[PDB]
């Protein structure tokens with residue numbers, strides 16, 4: 001709901017892989033979903049924390 005779409009607390013960078021980005025994010029930190037979202041410049045491991 002009130003999620004903040006931070007580049008993952010850990011993986012604060014380029015992703016090239018949605019599944020991993022998601023997994024790694026919520027596996028290491030405790031965010032809800034994550035995904036290898038686009039937007040300029042390149043894809044990055046965006047993750048949704050209940051901020």
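Ideal geometry is used to build each Cβ from the backbone, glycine not excepted, and the neighbour counts take in all protein chains shown. Taken together, the values in this text are just the output of simple stated rules run on the coordinates, not laboratory data.
Just a few scattered comments:
- Note on region 31-42: among residues that are buried (at least 17 other Cβ atoms within 10 Å of the Cβ) and in a loop (DSSP other than H, G, I, E, B), the one that is farthest from the chain's Cα centre (by Cα) is 31.
- Tally, over region 1-30, of residues that are assigned to a strand (DSSP E or B) and surrounded by 13 or more Cβ atoms within 10 Å (Cβ to Cβ): 3
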